[PDB]
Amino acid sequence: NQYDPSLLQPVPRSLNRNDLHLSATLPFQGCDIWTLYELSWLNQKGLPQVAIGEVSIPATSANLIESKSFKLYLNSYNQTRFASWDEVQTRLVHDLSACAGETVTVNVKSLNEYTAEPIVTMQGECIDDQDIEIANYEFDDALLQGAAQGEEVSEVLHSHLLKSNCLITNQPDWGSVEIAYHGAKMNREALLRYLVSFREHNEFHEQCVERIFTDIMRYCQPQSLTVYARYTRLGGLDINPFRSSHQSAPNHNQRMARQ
């Protein structure tokens, strides 16, 4: 199989966004940061090349890109000769931008760019160590009702317990999520229960993050909010959706333990 851009399948952001009661004018800005761990092609003499791709898709794009289709598209590079690493980057920018509907950023990095890079955890307070009982696994947004009754604060919280399901594969999705906000202080137990209630919930990573953002916004009414999740890869690609009131991109992209 040679290089084949037709393998890419877009999915519109509007599907879920409509389900969240969002207008065309978004409550958030942001991007989906993808890591492509398996990018490989042939040089111009047929010798294999390997790299890690770092891609950013703007949250304003009409479409996200379905992950398996992205994987299959990348696999079409594997037996294809390209003139130079610059040609690979150019082709990726062109094809991914066309699919998403807006210019996509792409960095193609040699493997030695990662030597001695440290694994990171998230920022602020981890909310996971709570002695509490969970009596059911059904998604409930109302777990956030009255969750922010505290004094005005600015703080950053995170959890490693985010799990959702990938319906189109009927397989688990695993993520950590960081929530930074300015507003009435949030009840930690409510937030953790809310996140745990995704466990049996079918949704895409991008859609889950938008749901978390919009639920926090409507129940907790912070003045400023950023939600950033880092999910473990599916088929050699991971997705790290970032949604913020004021921020366009995260100021760090670094892999976590399970990624």
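One-based numbering along the sequence shown.
The deposited model assigns a higher average Cα B-factor to 164 to 172 than to the other stretch when 101 to 109 and 164 to 172 are compared. 214 to 222 and 23 to 31 differ in mean CA B-factor, and the higher of the two is recorded for 23 to 31.
Take 84, 115, 154, 90 and read off each C-alpha B-factor from the entry; 84 has the highest. In the PDB entry, the Cα temperature factor peaks, among 197, 44, 49, 67, at 44. For residue 249, the recorded CA temperature factor ranks within the highest third of the chain's modelled residues. Sort the modelled residues of the chain by CA B factor and residue 239 lands in the lowest third. Residue 187: CA B factor lies in the middle third for its chain, per the PDB record.
Among the modelled residues of the chain, residue 76 sits in the middle third by CA temperature factor in this PDB entry. In the PDB entry, a CA B factor belonging to the lowest third of its chain's modelled residues is recorded for residue 177.
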